[PDB]
Each structure stands twice: as C-alpha cells, then as structure tokens.
Amino acid sequence: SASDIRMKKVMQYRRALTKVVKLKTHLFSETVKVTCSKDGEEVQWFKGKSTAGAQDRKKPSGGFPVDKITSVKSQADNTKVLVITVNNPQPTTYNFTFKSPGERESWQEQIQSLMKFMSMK
C-alpha cells in the first residue's frame, strides 16, 4: 500500500534524519537536533535543549516542509558544511555542520532520498 509503505519508509528516513547537527546561517548558529515529521512531510530541528512536544516531539524549535525544499546541495568543498534552501516558507538556507566529516553527508544524501520519495516529481 502506497500510503502504508510511505509512512513506514519515512520512519526509516526519520531515524536517519534524526541527528545532532550545528546550524550556521542567517537563521542562527547553534547546535540543533534534526529530524522529520511522522509522514516525513517536514524537516524539524530542536535548538540545543528543547521541549519535544508531549515527549512525542510534536513541538519542534523550527522546521519546514520536505516538499517545499527548493534545493538540497552540498558546498563546493563541503568538508563539514551542508547547504539546503527552501521555497514557500521564508527562503532560508540551512548549513548543517557537525564534527563528523561523515555524519552530515549521511544526512545530506538521506534527506534527498526522503525528499524525492514523497516529493517525487
């Protein structure tokens, strides 16, 4: 079932999108915890110490719809830097930066798969 498989599949991506990463942009520069909504419909983050809505994390410190991500890219050298831009919400470009030279890029490719999964063109 296309809905059942998606809802389970987004949960698979959800774990791979649930991470700790430091954002750096016009938004702010802070260490945030990233993740996605239940249907994988959104990308969400928690800035430092947060209050995950009702323990089920229904209260993100920020986020945006996955379908609305206008571009998912990596920097030119992108050693520890990621670059993601969104359309529909106020256009912001999120730089996912982490200590691990792998963690972020794992996120980079994983989000793409999730994005193209539900936002398949």
# chains A, B, ... in the order shown; residues from 1 in each chain; ligands from 1
>>> residues_around(residues="residue 88 of chain A", least_positions_apart="6", cutoff="10 Å", atoms="only C-alpha atoms", output="ChimeraX atom specification")
/A:64-65,67-70
>>> write_last_selection(atoms="N, CA, C and O atoms", output="PDB file, in the first residue's frame")
ATOM      1  N   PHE A  64      10.471  22.931   8.457  1.00  0.00           N
ATOM      2  CA  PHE A  64       9.888  23.299   7.173  1.00  0.00           C
ATOM      3  C   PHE A  64       9.483  22.045   6.402  1.00  0.00           C
ATOM      4  O   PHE A  64      10.018  20.965   6.647  1.00  0.00           O
ATOM      5  N   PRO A  65       8.524  22.165   5.470  1.00  0.00           N
ATOM      6  CA  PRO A  65       8.026  21.023   4.700  1.00  0.00           C
ATOM      7  C   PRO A  65       9.064  20.473   3.730  1.00  0.00           C
ATOM      8  O   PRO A  65       9.781  21.225   3.067  1.00  0.00           O
ATOM      9  N   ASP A  67       8.545  18.786   0.963  1.00  0.00           N
ATOM     10  CA  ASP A  67       8.164  19.035  -0.421  1.00  0.00           C
ATOM     11  C   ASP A  67       8.564  20.448  -0.836  1.00  0.00           C
ATOM     12  O   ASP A  67       8.765  20.734  -2.016  1.00  0.00           O
ATOM     13  N   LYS A  68       8.720  21.316   0.154  1.00  0.00           N
ATOM     14  CA  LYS A  68       8.958  22.730  -0.092  1.00  0.00           C
ATOM     15  C   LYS A  68      10.448  23.054  -0.155  1.00  0.00           C
ATOM     16  O   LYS A  68      10.833  24.175  -0.476  1.00  0.00           O
ATOM     17  N   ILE A  69      11.288  22.080   0.155  1.00  0.00           N
ATOM     18  CA  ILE A  69      12.725  22.246  -0.012  1.00  0.00           C
ATOM     19  C   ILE A  69      13.038  22.488  -1.485  1.00  0.00           C
ATOM     20  O   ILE A  69      12.832  21.607  -2.321  1.00  0.00           O
ATOM     21  N   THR A  70      13.524  23.680  -1.810  1.00  0.00           N
ATOM     22  CA  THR A  70      13.731  24.043  -3.200  1.00  0.00           C
ATOM     23  C   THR A  70      15.014  23.424  -3.742  1.00  0.00           C
ATOM     24  O   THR A  70      15.112  23.126  -4.931  1.00  0.00           O
TER      25      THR A  70
END
>>> select_by_dssp(residues="segment 44-120 of chain A", states="helix (DSSP H, G or I)", output="list in words")
residues 53, 54, 55, 103, 104, 105, 106, 107, 108, 109, 110, 111, 112, 113, 114, 115, 116, 117 and 118 of chain A
>>> write_last_selection(atoms="C-alpha atoms", output="PDB file, in the first residue's frame")
ATOM      1  CA  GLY A  53       6.004  18.192  22.373  1.00  0.00           C
ATOM      2  CA  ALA A  54       4.367  15.727  24.754  1.00  0.00           C
ATOM      3  CA  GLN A  55       7.519  13.552  24.626  1.00  0.00           C
ATOM      4  CA  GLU A 103      27.585  12.457   9.758  1.00  0.00           C
ATOM      5  CA  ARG A 104      26.378  15.496   7.852  1.00  0.00           C
ATOM      6  CA  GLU A 105      26.872  13.991   4.407  1.00  0.00           C
ATOM      7  CA  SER A 106      24.996  10.893   5.522  1.00  0.00           C
ATOM      8  CA  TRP A 107      22.198  13.316   6.391  1.00  0.00           C
ATOM      9  CA  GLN A 108      22.676  15.121   3.069  1.00  0.00           C
ATOM     10  CA  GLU A 109      22.049  12.001   0.987  1.00  0.00           C
ATOM     11  CA  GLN A 110      19.389  10.622   3.334  1.00  0.00           C
ATOM     12  CA  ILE A 111      17.242  13.736   3.219  1.00  0.00           C
ATOM     13  CA  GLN A 112      17.421  13.648  -0.581  1.00  0.00           C
ATOM     14  CA  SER A 113      16.037  10.127  -0.646  1.00  0.00           C
ATOM     15  CA  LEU A 114      13.250  11.161   1.733  1.00  0.00           C
ATOM     16  CA  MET A 115      12.536  14.335  -0.241  1.00  0.00           C
ATOM     17  CA  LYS A 116      12.354  12.601  -3.600  1.00  0.00           C
ATOM     18  CA  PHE A 117      10.352   9.788  -2.032  1.00  0.00           C
ATOM     19  CA  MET A 118       7.352  11.893  -1.000  1.00  0.00           C
TER      20      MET A 118
END
>>> atom_distance(atom1="atom CA of residue 7 of chain A", atom2="atom CA of residue 41 of chain A")
9.7 Å
>>> closest_residue(among="A:61, A:87, A:93, A:50", to="residue 74 of chain A", atoms="only C-alpha atoms")
A:93
>>> select_by_dssp(residues="chain A", states="strand (DSSP E or B)", output="PyMOL selection string")
chain A and resi 19-24+29-36+42-47+62-65+69-74+82-86+93-94+96-97
>>> residues_around(residues="segment 14-17 of chain A", least_positions_apart="3", cutoff="6 Å", atoms="only C-alpha atoms", output="PyMOL selection string")
chain A and resi 10-11+35-36
>>> write_last_selection(atoms="N, CA and C atoms", output="PDB file, in the first residue's frame")
ATOM      1  N   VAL A  10       9.143   6.552   5.563  1.00  0.00           N
ATOM      2  CA  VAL A  10       9.518   7.847   6.104  1.00  0.00           C
ATOM      3  C   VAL A  10      10.042   7.692   7.522  1.00  0.00           C
ATOM      4  N   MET A  11       9.521   6.706   8.250  1.00  0.00           N
ATOM      5  CA  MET A  11      10.021   6.391   9.585  1.00  0.00           C
ATOM      6  C   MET A  11      11.456   5.878   9.507  1.00  0.00           C
ATOM      7  N   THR A  35      15.516  16.262  12.629  1.00  0.00           N
ATOM      8  CA  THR A  35      14.613  15.139  12.484  1.00  0.00           C
ATOM      9  C   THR A  35      13.559  15.488  11.435  1.00  0.00           C
ATOM     10  N   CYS A  36      12.551  14.647  11.282  1.00  0.00           N
ATOM     11  CA  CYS A  36      11.482  14.921  10.342  1.00  0.00           C
ATOM     12  C   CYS A  36      10.140  14.545  10.961  1.00  0.00           C
TER      13      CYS A  36
END
>>> closest_residue(among="A:89, A:60, A:119, A:47", to="residue 30 of chain A", atoms="only C-alpha atoms")
A:47
>>> closest_residue(among="A:49, A:33, A:24, A:38", to="residue 12 of chain A", atoms="only C-alpha atoms")
A:38
>>> residues_around(residues="residue 83 of chain A", least_positions_apart="3", cutoff="7 Å", atoms="only C-alpha atoms", output="MDAnalysis selection string")
chainID A and resid 72:75 93:96
>>> atom_distance(atom1="atom CA of residue 40 of chain A", atom2="atom CA of residue 13 of chain A")
7.6 Å
>>> closest_residue(among="A:120, A:5, A:86, A:66", to="residue 44 of chain A", atoms="only C-alpha atoms")
A:66
